[PDB]
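Next up: the same protein chain in two forms, each one alone, written as structure tokens (structure 1, then structure 2).
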Structure 1
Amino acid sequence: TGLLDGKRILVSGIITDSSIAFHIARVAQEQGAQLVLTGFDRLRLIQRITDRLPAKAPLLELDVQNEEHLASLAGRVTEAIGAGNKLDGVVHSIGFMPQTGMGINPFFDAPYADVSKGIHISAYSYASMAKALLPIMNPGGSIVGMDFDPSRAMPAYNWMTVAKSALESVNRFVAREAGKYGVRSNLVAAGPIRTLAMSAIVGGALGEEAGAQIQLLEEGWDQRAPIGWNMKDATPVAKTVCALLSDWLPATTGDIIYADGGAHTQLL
């Protein structure tokens, strides 16, 4: 009945009620999934946010740069879902690039310390979470991560786009490892979504030039998309993630599903 009835799914990446992962979690619960949530740093805030989900879910702390958090993660999940139970799904919805790499300054001005932190959080951590959680995943399981199509350079978000190029490559290798467990690994490449951070950047948080370029980027998306694109509505993206978590794409792995209104298939 529900698309994800009886499935146990870990969802990372909630920080506000406009996080893509908040809508992934809401839709997954609507479809019968039992969730375990992970959050970074502001756990009191995240608990208050996730109190608004349709069902209660245990919240675990996870800083993906903390090797001790990752080393203990599987045992804390098993404690939360009960011994003898394993996960059927894992959602990676985690990304960050320090400001020096996202247009507040020229691409050339980002120090490598900043780029390497962003690639750690946004790309390497996808392999990190798979390594931690595959030992407690059931055959037929599914790992899904969030992507923004990096196949062409864009005016702003420069180093973040490089990090997404690395993530797409990491995903293909995670699929190799996950296949030994009977588990699939895929990314959902979403169009632009007006999260709190996104709206701040359009408002000029990283400079007027970066704001104007991203606003024009957003506008062309809805113009290109044959079915349109609503940057204020994350539900179509959440449904696509749930599709990959379900049993209905069983021969897809190492791959990228585009939830972008079809915009990437059109020129003008």
Structure 2
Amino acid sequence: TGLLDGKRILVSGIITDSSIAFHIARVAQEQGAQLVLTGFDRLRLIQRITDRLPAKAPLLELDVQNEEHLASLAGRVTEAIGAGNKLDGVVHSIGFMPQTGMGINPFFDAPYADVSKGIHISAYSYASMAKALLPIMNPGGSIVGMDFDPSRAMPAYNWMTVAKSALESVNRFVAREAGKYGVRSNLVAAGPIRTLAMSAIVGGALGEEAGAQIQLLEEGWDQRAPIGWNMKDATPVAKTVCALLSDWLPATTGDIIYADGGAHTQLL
């Protein structure tokens, strides 16, 4: 009956009820999965959000820049799911880039310390989480990360585009490691969705250009997408992540699935 019945899945990246990770968790629970959630920094606020999910799920703290949190993660997950049990899926829905690396801030003015922090959180941490969690994953398992197609340069995304290009490369090497465990590793390249990162990181960096730039982004995406695109609806993206967490894409690994309305395949 449920697409993920009997599956134990770790979902990182919930910060608000608009987070892509919130919708992934909601859809996964609706489909029978038992979740373990991870949150960063504002744990009291995150628990208030995760209480809105269909079912209870333990929340563990994880700052991906914190070596101690990573070294303890597998043990804390095992305590949450019970000794002897393993995870079937892991969702990396994490990203960050300082303001200097985004929007109308000049591309050449982002200092390396800022870009490095963004690449650490947005790309290297996909390898860090796989390293910590592969030893407690079952064969047939699935690791999924979130991508924003960085094949071409574009306005505002700036250094986050470089971090996503690095993340696509990391995913191909993580697939080589995960294959030793019978585990798949893939990214879902989503179209634009109204989340806290889009408003607070992207929107805040666009300044007086946010209104026009985001309208043109939204309109162009919906126009290029042969089936349209609704930036207010994360459900099609959440369903796609759940398809990769399921047993229905068993031969796909080190790859990118586009949940973008088909926009990347069209010029206009």
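Numbering for residues begins at 1 and runs along the sequence of structure 1. Only residues modelled in both forms are compared. Here, rigid core means the biggest group of C-alpha atoms that superpose within 1.5 Å across both forms.
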After superposing on the rigid core, which residue among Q213, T50, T240, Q31 shows a C-alpha displacement of 2 Å or more between structure 1 and structure 2?
-> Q213
Has the Cα of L60 moved 2 Å or more between structure 1 and structure 2, judged after a core fit?
-> no
Core-aligned C-alpha movement of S199 between structure 1 and structure 2, 2 Å or more | yes
Superposed on the core, the Cα displacement of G13 between structure 1 and structure 2 in Å comes to 0.1
After aligning on the rigid core, report the distance the C-alpha of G103 travels between structure 1 and structure 2, in angstrom.
-> 2.1
In sequence order, the rigid core aligned, runs of at least 3 residues with C-alpha shifts of 2 Å or more between structure 1 and structure 2 are 199-206, 209-215
